[PDB]
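Chains, contacts and geometry: an overview
Each chain, written out:
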Amino acid sequence: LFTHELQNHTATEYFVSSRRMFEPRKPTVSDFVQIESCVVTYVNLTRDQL
Amino acid sequence: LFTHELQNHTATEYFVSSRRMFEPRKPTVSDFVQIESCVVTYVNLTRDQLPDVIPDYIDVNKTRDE
Ligand SMILES: *[C@@H]1O[C@H](CO)[C@@H](O[C@@H]2O[C@H](CO)[C@@H](O[C@@H]3O[C@H](CO[C@H]4O[C@H](CO)[C@@H](O)[C@H](O)[C@@H]4O)[C@@H](O)[C@H](O[C@H]4O[C@H](CO)[C@@H](O)[C@H](O)[C@@H]4O)[C@@H]3O)[C@H](O)[C@H]2NC(C)=O)[C@H](O)[C@H]1NC(C)=O
Ligand SMILES: *[C@@H]1O[C@H](CO)[C@@H](O[C@@H]2O[C@H](CO)[C@@H](O[C@@H]3O[C@H](CO[C@H]4O[C@H](CO)[C@@H](O)[C@H](O)[C@@H]4O)[C@@H](O)[C@H](O[C@H]4O[C@H](CO)[C@@H](O)[C@H](O)[C@@H]4O)[C@@H]3O)[C@H](O)[C@H]2NC(C)=O)[C@H](O)[C@H]1NC(C)=O
Ligand SMILES: *[C@@H]1O[C@H](CO)[C@@H](O)[C@H](O)[C@H]1NC(C)=O
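As recorded in the PDB entry, chain B goes by Spike glycoprotein and comes from Porcine epidemic diarrhea virus. In the PDB, the title recorded for this entry is "Cryo-EM map of PEDV (Pintung 52) S protein with all three protomers in the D0-down conformation determined in situ on intact viral particles".

The PDB entry lists chain A under the name Spike glycoprotein, from Porcine epidemic diarrhea virus.

Take a look at the structure:
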């Protein structure tokens, strides 16, 4: 999962692709998992922005 | 994903299986992905027939409104 550019001009769009092919596509819920532990590197988002 | 026979006698049942094992089973929503582009070869279905091909699919507004 990557973000194309940054929020510098409000472009916080997230896309998912393989590590060899460049196919930016919208992610799906079933592709993710839930973890009880968090790290510093993870962005601290909220329910409204989900 | 394959369809056993055709609609000739109303048998448009869809099943999913591996390419070596013949295990016809009902598909699951998590097994598909959504694409913004379409081709000629893809069947042009509608929302009403979505539960028929895939009963596992659920529409939020259809249930909430009624
Ligand atoms: C989204 O938001 C979360 C929550 O804030 C961010 O996660 C980090 O959360 C921690 C805890 O709230 C923030 O505080 C940092 O804690 C680090 C580890 O905890 C230690 O805390 C004390 C003090 O360091 C230690 O004695 C104790 O043993 C723990 O090990 C610390 O390493 C950080 O210390 C930094 O600042 C102090 C001054 O306060 C300096 O003295 C240190 O040398 C060091 O520079 C800090 O206390 C932490 O700030 C949060 N991270 C960030 C980046 O803010 C997520 O990171 C955040 N996500 C994003 C994308 O921003
Ligand atoms: C479910 O429904 C969709 C929507 O109809 C079907 O997808 C096809 O959609 C196209 C666009 O609506 C239908 O029209 C065909 O377009 C093809 C490509 O577009 C060209 O259109 C013009 C005219 O050809 C070109 O100048 C332009 O540059 C585009 O490239 C064409 O190849 C088709 O042309 C055929 O008919 C004309 C006469 O109208 C002949 O002159 C041509 O030689 C050629 O034979 C056509 O115009 C297309 O019909 C739709 N496909 C089908 C099969 O109907 C899905 O296919 C459909 N799914 C199923 C399972 O049926
Ligand atoms: C689908 O949801 C929209 C709300 O975004 C609603 O206006 C519409 O009536 C719904 N349609 C059906 C068929 O449930």
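Here the focus is the site of ligand 3. Residues and elements named next belong to chain B. Around ligand 3 sit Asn 61, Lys 62 and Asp 65, and that is every residue in its neighbourhood. Interatomic distance of 2.4 Å between a side-chain N/O atom of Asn 61 and an oxygen atom of ligand 3. When ligand 3 sits alone it has 370 Å² of accessible area, and the protein chains cover 33% of it.

Let's shift gears to the pattern of salt bridges. Applying the stated criterion across every chain yields a total of five salt bridges over all chains. Close ionic contact of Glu 13 of chain A with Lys 26 of chain A constitutes a salt bridge, the shortest N to O distance being 2.4 Å. On the criterion of sequence distance, the pair formed by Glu 13 of chain A in the loop between β1 (2–3) and β2 (14–15) and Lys 26 of chain A in the segment after β2 is long-range, its members being 13 residues apart. Assessed through its relative accessible area of 46%, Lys 26 of chain A is described here as partly exposed. The shortest N-O distance in the salt bridge between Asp 31 of chain B and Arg 25 of chain B comes to 3.1 Å.

For the rest of this paragraph, the subject is the packing of aromatic side chains. All names here are of chain B. Summed over the entire model, instances satisfying the criterion amount to four aromatic pairs over all chains. Ring geometry for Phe 2 versus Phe 15: centroids 6.4 Å apart, planes at 55°, classification tilted. Placement of the pair is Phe 2 in strand β1 (residues 2–3) and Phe 15 in strand β2 (residues 14–15), with a sequence separation of 13 residues. Take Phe 2: its relative accessible area is 26%, and that puts it in the partly exposed class. Among the residues examined, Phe 15 registers a relative accessible area of 22% and is labelled partly exposed.

Rules used in this analysis
Numbers on residues come from counting from 1 along each chain's written sequence, not from the entry itself, and any residue without coordinates is not displayed. To label them, take the chains in the order written and letter them from A, then take the ligands in the order written and number them from 1. Note that these chains sit within a larger assembly, yet all values were taken from the shown part only. The side-chain figures draw on all heavy atoms in the structure; neither hydrogens nor water molecules are used. Throughout, the term near means that a residue has one or more heavy atoms lying within 4 Å of the molecule or strand in question. Counting of polar contacts relies on pairs of N or O atoms within 3.5 Å, with two restrictions inside protein: one atom must be capable of donating a hydrogen and the other of accepting it, and residues adjacent in sequence are counted only when both atoms are side-chain atoms. Note on areas: these come from Shrake-Rupley sampling with a 1.4 Å probe, and a residue is covered only by the protein chains present in the view. A pairing counts as a salt bridge when a side-chain nitrogen of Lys or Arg comes within 4 Å of a carboxyl oxygen of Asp or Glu. Strands here mean DSSP runs of E at least two residues long; helices mean DSSP runs of H or I at least four residues long; both are numbered from the N terminus. Burial classes follow relative accessibility: with a 1.4 Å probe on protein chains only, a residue under 20% of its type's maximum area counts as buried, one over 50% as exposed, and anything between as partly exposed. Only the six-membered ring of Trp is used, alongside the rings of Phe and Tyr, when aromatic pairs are assigned; centres must lie within 6.5 Å, and planes under 30 degrees apart are stacked while those over 60 apart are edge-to-face, with the rest tilted.

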